Each structure stands twice: as structure tokens, then as C-alpha cells.
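The chain below stands alone and is given in C-alpha cells; this is the form deposited in one PDB entry.
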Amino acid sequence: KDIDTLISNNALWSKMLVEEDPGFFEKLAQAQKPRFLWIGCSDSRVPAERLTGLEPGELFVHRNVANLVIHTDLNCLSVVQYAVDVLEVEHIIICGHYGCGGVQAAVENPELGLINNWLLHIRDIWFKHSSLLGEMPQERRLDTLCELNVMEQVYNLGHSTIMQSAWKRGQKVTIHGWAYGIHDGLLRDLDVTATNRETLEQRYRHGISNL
């Protein structure tokens, strides 16, 4: 697939929509404010819309390398503050995936250039849960770090002033930590679901305990 193939496929796909689903854009034209924010990885192995079946206009999406919510990443923070304060999304979903190239690159630690600084945040998590990973077989360490990474980004998101203020105001915002593999595409709930400051700390320790 070259560039010309993508452009030509888009034109043919747009024209065939008149027969298949002429109302494909009606919910978009009606300004359907999305109820979900998806924070995923730039790998995008299986698209979030394909995993969940969410139709166009229902999903706000941010994607960075290894789905991180850094404390001081104004890029991701701006997406969250916009989705929470303006769009008023009711659910935020952070979703990693097993075999993530960013998580793996943080462990193997090769000289990849500028991205290594970004990956240092994963190694902080990989260092933080060193005692937890030791009680586990070696073959399961990398997939668990992928889950631990999601749990920590959920933790970081809930600790941000954006979520602290929204929960203080009383907004119904729920944070979710998910993961999937390319062996079945089955979403796994890491069970760190947070609705307020108390459930955030409660379910974080619950997710760490289940591992």
C-alpha cells in the first residue's frame, strides 16, 4: 500500500457509503460529544474502535509511546483537561497491550535516541515493582510490567490536578485501566477502576495485590 492507494481507497470508501450506510455521518453532524476518552499506545496494534466497537464520534483519543500519563506532560494533560472540563467525558480508559514495543524497549534498554528519555518513566515503574516481579516466573515479568505500567498511569491520571478538581467538584468521571494482547484481541480489565480519590487509592492497591 503506497500513498496513492490510501487516497484512492478513501475516495472509493466515501462513495460506497451512500449505499452501505448513508447515515454514517449523521451522528457526527449532530455534534455528538464523546462520552469516552481513550489513552492508548502509539503502536495501536488493534484500533480502539475495533476493540470496543465504538462508532465514529464516540471516542476521544490520545496516543503516545507506551500509553503514558507523565505528571508534567502538558500534551496528555491538555487532552484530559479538555475531555473532562469541556467535553465532560464520563469515562477515561488507559489501555496498554502485551508485547508493547515501548515497554520492551525500556527493559532491554537499547540506544534508540531521543525516545530513551521518554522510556525512563517506564524503567521507574520497572524499578518500583522490582520486589513484586521477583515473586513471579520470568516468562510473565514483561507482560506484568505492561499491566503495572497501565496501573501507574491510571494512578498518575487520578493524581493530576485535573482529576482531583473534577472529583472535588462532583463530576462523574471514571478512570479505567485495561490491557489486551494480539493473540485474541481480548480486553482485560486490570481492575483499578477509580471514581474518586478514595477508590483511586483503594483500587490501585487492589490491582497491585491481584498481581
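The first residue of the shown sequence is 1; numbering continues from there. C-alpha atoms forming the largest set that superposes within 1.5 Å between two forms make up the rigid core.
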Requested in this report: Select between 16-24 and 185-193 the stretch whose C-alpha atoms have the higher average B-factor in the entry.
Outcome: 16-24
Report summary line: Stretch with higher mean Cα temperature factor, 44-52 vs 61-69, is 44-52
Query raised in the report: In the PDB entry, which of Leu119, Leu77, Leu132, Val84 has its C-alpha at the highest B-factor?
Result: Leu132
Query raised in the report: Relative to the other modelled residues in the chain, which third contains the C-alpha temperature factor of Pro137: lowest, middle or highest?
Result: highest
**Report entry** Record-listed C-alpha B factor of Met151: chain third
**Finding:** lowest
**Report entry** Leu157, C-alpha B-factor rank within chain (lowest, middle or highest third)
**Finding:** lowest
Query - Third of the chain, ranked by Cα B-factor, where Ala29 sits - result: highest
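What comes next is about the form deposited in another entry, which is not displayed.
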**Report entry** Displaced position between the shown form and the other one, chosen from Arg63, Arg45, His159, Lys27 (C-alpha, 2 Å or more, rigid core)
**Finding:** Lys27
Requested in this report: Once the core is aligned, please say if the CA of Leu12 is shifted by at least 2 angstroms between the shown form and the other one.
Outcome: no
